[PDB]
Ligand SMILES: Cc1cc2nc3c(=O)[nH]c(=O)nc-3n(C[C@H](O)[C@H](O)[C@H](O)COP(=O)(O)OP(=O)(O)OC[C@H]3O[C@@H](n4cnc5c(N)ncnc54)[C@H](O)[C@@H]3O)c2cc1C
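Okay, here we've got a single chain as structure tokens, the form solved without the named molecule, with questions on binding and movement later.
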């Protein structure tokens, strides 16, 4: 169903992020390509989280979360937090170590989004990793950017 729509979405390239939240010692991470900048003043970002995602209840309960932007070569991290377990992968400080960047947000709002919820975060803290190319998703697969030396 929705073949044409899905194909259109498969034609929108995007970076790959890992959204994480923790309540006490209960921490959950979730891979997401549906992420976008929203505002500068105040600093806001938005993302789509499935209504059936185990992350949602934890994120809403915590009232805060982090967003890590994955770099080239981090396919294993993306797969792991997408529900396909990988060895040696674990969140550190509530985020992904070695990512291009990390945004620590407090929950700003939750709006209806069909089978997903629109999650808006107010960025309170930012962490930047080393520079370099990003992990990209396009046409149902991980891709690389032309970024020669």
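Numbering follows the first chain given and starts at 1.
From this point on, the text means the form solved in complex with the named molecule, which you will not see here.
- Of the candidate stretches 102-110, 85-93, 59-67, 120-128, only 85-93 has residues whose heavy atoms lie within 4.5 Å of the named molecule in the entry with it bound.
- In the entry with it bound, the named molecule sits within 4.5 Å of a heavy atom of residue 30.
- At the 4.5 Å threshold, heavy atoms of residue 97 stay clear of the named molecule in the entry with it bound, well away from it.
- None of the heavy atoms of residue 46 is located within 4.5 Å of the named molecule in the entry with it bound.
- Counting a residue when any of its non-hydrogen atoms is within 4.5 Å of the named molecule in the entry with it bound, the one hit in 95-120 is 116.
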